[PDB]
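The block underneath contains the structure these notes are about, expressed in structure tokens.
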Amino acid sequence: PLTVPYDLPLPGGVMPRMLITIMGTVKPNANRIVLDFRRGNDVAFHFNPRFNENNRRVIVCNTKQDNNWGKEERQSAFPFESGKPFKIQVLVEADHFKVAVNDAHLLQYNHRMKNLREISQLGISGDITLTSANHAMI
Ligand SMILES: O=C(O)CO[C@@H]1[C@@H](n2cc(-c3cc(F)c(F)c(F)c3)nn2)[C@@H](O)[C@@H](CO)O[C@@H]1Sc1ccc(Cl)c(Cl)c1
Ligand SMILES: [Mg+2]
């Protein structure tokens with residue numbers, strides 16, 4: 001039963017075989033959800049479900065370095081729904097993150113910021129209630 005914006009510490013830094021699991025519920029009338037894997041002031045991986053982009057829903061992913069966003073990657077498979085619970089898993093692999101939502105594979109995002117051990121925190125914000133957020137080594 002946790003506070004949003006929530007900062008999940010990642011005290012090792014990230015590395016391959018780290019699995020982050022987030023459980024929550026999308027608020028009625030949600031506009032946005034964000035997961036930010038932060039490296040200092042940079043964002044190595046931003047995962048941003050958007051509920052109204054010109055009346056469509058789309059997940060936007062990107063990397064922010066020195067205050068500049070890179071090329072956006074989009075996924076229009078959109079498994080989130082206003083008022084419904086969800087489970088997000090982010091798996092860290094050597095070359096990419098894999099994201100799964102409700103046990104369905106959703107997208108892969110290749111690492112652009114490859115100093116993974118400097119990613120020290122995951123911010124979780126937007127229009128959700130959060131039940132739990134944890135990382136585990138597998
Ligand atoms: O200013 C804009 O309205 C929000 O800015 C977003 C930028 N953003 C959104 C948020 C954000 C913050 C929150 F508190 C939330 F709860 C949330 F769900 C999202 N933080 N940063 C990235 O999504 C970025 C991805 O490329 O997209 C834009 S910035 C941007 C604008 C144009 C281009 Cl093409 C690019 Cl590459 C980036
Ligand atoms: Mg599927």
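Going by the structure tokens order, chains are called A, B, ..., each with residues numbered from 1, while ligands are numbered from 1 in the order shown.
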
Margin query: So that I can check the surroundings of residue 134 of chain A, please list as an MDAnalysis selection string every protein, DNA and RNA residue that reaches within 10 Å of it, counting only C-alpha atoms and ignoring chain neighbours fewer than 4 positions away.
Written below: chainID A and resid 8:10 19:23 89 122

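Based on only C-alpha atoms and all ligand atoms, the protein and nucleic acid residues found within 8 Å of ligand 2 are, by chain and then by number, residues 104, 105 and 106 of chain A.
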
Could you make a table, as JSON lines, of the residues of chain A that have an atom within 7 Å of an atom of ligand 1, each with its nearest atom pair and distance in Å to one decimal, counting only C-alpha atoms and all ligand atoms, in chain and number order?
```
{"residue": "A:32", "atom": "CA", "partner": "ligand 1", "partner_atom_place_in_ligand_line": "18 (F)", "distance": 4.3}
{"residue": "A:33", "atom": "CA", "partner": "ligand 1", "partner_atom_place_in_ligand_line": "18 (F)", "distance": 4.0}
{"residue": "A:34", "atom": "CA", "partner": "ligand 1", "partner_atom_place_in_ligand_line": "18 (F)", "distance": 4.0}
{"residue": "A:48", "atom": "CA", "partner": "ligand 1", "partner_atom_place_in_ligand_line": "18 (F)", "distance": 5.7}
{"residue": "A:60", "atom": "CA", "partner": "ligand 1", "partner_atom_place_in_ligand_line": "25 (C)", "distance": 6.3}
{"residue": "A:61", "atom": "CA", "partner": "ligand 1", "partner_atom_place_in_ligand_line": "25 (C)", "distance": 6.2}
{"residue": "A:62", "atom": "CA", "partner": "ligand 1", "partner_atom_place_in_ligand_line": "26 (O)", "distance": 5.0}
{"residue": "A:69", "atom": "CA", "partner": "ligand 1", "partner_atom_place_in_ligand_line": "36 (Cl)", "distance": 4.6}
{"residue": "A:70", "atom": "CA", "partner": "ligand 1", "partner_atom_place_in_ligand_line": "36 (Cl)", "distance": 5.2}
{"residue": "A:71", "atom": "CA", "partner": "ligand 1", "partner_atom_place_in_ligand_line": "36 (Cl)", "distance": 5.3}
{"residue": "A:72", "atom": "CA", "partner": "ligand 1", "partner_atom_place_in_ligand_line": "26 (O)", "distance": 5.1}
{"residue": "A:125", "atom": "CA", "partner": "ligand 1", "partner_atom_place_in_ligand_line": "16 (F)", "distance": 4.7}
{"residue": "A:126", "atom": "CA", "partner": "ligand 1", "partner_atom_place_in_ligand_line": "16 (F)", "distance": 3.7}
```

Check: With distances taken over only C-alpha atoms, which of A:75, A:3, A:129, A:108 is nearest to residue 45 of chain A?
Finding: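 Selected residue with least distance to residue 45 of chain A: A:108.
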
Next item on the list: May I ask for the distance between atom CA of residue 79 of chain A and atom CA of residue 43 of chain A, given in Å to one decimal place?
Entry: 23.6 Å

Checklist line | Backbone DSSP call of strand (DSSP E or B) for segment 9-128 of chain A, listed as a PyMOL selection string | finding: chain A and resi 9+18-26+32-39+42-53+56-65+68-69+73-75+85-92+96-101+104-110+121-126+128

Next item on the list: For each of A:77, A:94, A:30, A:101, take the minimum atom-to-atom distance to residue 52 of chain A, counting only C-alpha atoms, then give the residue where this is smallest.
Entry: A:30

Next item on the list: Give me, please, the distance in Å between atom CA of residue 11 of chain A and atom CA of residue 103 of chain A, quoted to one decimal.
Entry: 26.1 Å

List the neighbours of residue 37 of chain A out to 10 Å using only C-alpha atoms; skip same-chain residues closer than 4 positions along the sequence, and give me the result as a PDB file with C-alpha atoms, in the first residue's frame.
```pdb
ATOM      1  CA  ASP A   7      11.508   5.902  -5.560  1.00  0.00           C
ATOM      2  CA  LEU A   8      12.634   2.263  -5.548  1.00  0.00           C
ATOM      3  CA  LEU A  10      18.485  -0.252  -6.613  1.00  0.00           C
ATOM      4  CA  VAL A  14      21.352  -2.512 -12.163  1.00  0.00           C
ATOM      5  CA  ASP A  42      19.956  11.066 -16.741  1.00  0.00           C
ATOM      6  CA  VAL A  43      17.187   8.509 -17.439  1.00  0.00           C
ATOM      7  CA  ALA A  44      18.700   5.314 -18.943  1.00  0.00           C
ATOM      8  CA  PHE A  45      15.192   3.875 -19.643  1.00  0.00           C
ATOM      9  CA  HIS A  46      11.930   5.728 -19.540  1.00  0.00           C
ATOM     10  CA  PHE A  47       8.759   3.603 -19.950  1.00  0.00           C
ATOM     11  CA  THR A  63      16.519   7.628 -22.930  1.00  0.00           C
ATOM     12  CA  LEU A 116      24.289  -0.382 -16.067  1.00  0.00           C
ATOM     13  CA  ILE A 119      21.539   3.084 -12.720  1.00  0.00           C
ATOM     14  CA  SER A 120      20.758   3.367  -8.998  1.00  0.00           C
ATOM     15  CA  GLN A 121      17.057   4.106  -8.687  1.00  0.00           C
ATOM     16  CA  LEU A 122      13.692   3.380 -10.353  1.00  0.00           C
ATOM     17  CA  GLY A 123      11.052   6.194 -10.091  1.00  0.00           C
ATOM     18  CA  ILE A 124       7.468   5.094 -10.404  1.00  0.00           C
TER      19      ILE A 124
END
```

Item checked: Closest of A:18, A:88, A:58, A:110 to residue 135 of chain A - atom-to-atom distances counting only C-alpha atoms ->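 Ranking A:18, A:88, A:58, A:110 by distance to residue 135 of chain A, first place goes to A:18.
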
Notebook entry, point to check: Which one is closest to residue 99 of chain A: A:137, A:128, A:51, A:87? Count only C-alpha atoms.
Noted result: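 Nearest candidate to residue 99 of chain A out of A:137, A:128, A:51, A:87: A:87.
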
Notebook entry, point to check: Got a sec: who's within 9 Å of residue 84 of chain A, counting only C-alpha atoms, leaving out chain neighbours fewer than 6 positions off, as number ranges by chain?
Noted result: A: 24-28

Note to self: What's the separation between atom CA of residue 29 of chain A and atom CA of residue 83 of chain A, in Å to one decimal place?
What the structure shows: 7.8 Å
